[PDB]
Amino acid sequence: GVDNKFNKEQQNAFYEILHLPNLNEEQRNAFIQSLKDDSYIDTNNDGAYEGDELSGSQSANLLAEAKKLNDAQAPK
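Residues numbered from 1 in each chain as written, not as in the entry; some residues may be left out. Heavy atoms only, no water.

- Its PDB record attributes the structure to solution NMR.

- The protein goes by Immunoglobulin G-binding protein A in the PDB entry, where it is assigned to artificial gene.
- Listed in the archive, the entry goes by the title "Designed IgG and lanthanide binding probe for solution NMR, MRI and luminescence microscopy".

Written out as structure tokens, the structure reads:
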């Protein structure tokens, strides 16, 4: 019964995914979402989950994945 925080290891990966060149929005989201979907927290107490309240998940796997695609789906 303990609340979860976006940690550092995650935020770090979250940025890497946001650095992908030749952006595909559908992909970015899907990946960006997964980086959020593990646990959820209305830090700013406004009734909504937004902005900095977005990261906090097993991001290492997603990062390596998103990076594998952006690289596999990139130009020669």
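Picking up after the structure, the text goes on.
1. A short note on the overall build of the protein
Item 1. The helix and strand inventory of the protein stands at three helices and zero strands.
Item 2. Order of helices (α) and strands (β) in the protein, N terminus to C terminus: α-α-α.
Item 3. Based on the C-alpha atoms only, the size of the protein along its principal axes is roughly 50 × 20 × 15 Å.
Item 4. Counting all 76 residues of the protein, 22% fall into the buried class.
Item 5. At a minimum sequence separation of 6, the contacts of the protein that also span at least 24 residues come to 56%.
Item 6. Computing the positive centroid from 7 side-chain charges and the negative centroid from 14, the protein places the two 9 Å apart. (Helix = DSSP H or I, 4+ residues; strand = E, 2+ residues; numbered from the N terminus. Buried < 20%, exposed > 50% of the residue type's maximum accessible area, 1.4 Å probe, protein only. Contact = heavy atoms within 4.5 Å. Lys, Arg positive; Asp, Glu negative; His and termini not counted. Charge placed at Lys NZ, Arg CZ, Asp CG, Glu CD.)

2. Remarks on the nonpolar core
Item 1. Core analysis: the largest hydrophobic core is formed by nine residues, namely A13, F14, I17, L20, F31, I32, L35, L62 and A66.
Item 2. The set of elements that each furnish at least two residues to this core consists of α1 (8-18), α2 (25-37) and α3 (59-72). (Core = buried A, V, L, I, M, F, W, Y, C linked by side-chain atoms within 4.5 Å.)

3. Side note on empty space enclosed by the protein
Item 1. For the coordinates displayed, the defined rule picks out one cavity of 30 Å³ or more.
Item 2. For the largest cavity, the calculated volume is near 50 Å³.
Item 3. In this structure, the largest cavity is lined by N4, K5, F6, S39, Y40, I41, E53, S55 and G56. (1 Å grid on protein atoms, 1.4 Å probe; cavity = no way out; pocket = protein on both sides within 12 Å on 5 of 7 lines; lining within 4 Å. Points joined across faces, edges and corners; volume = space filled by probe spheres on them.)

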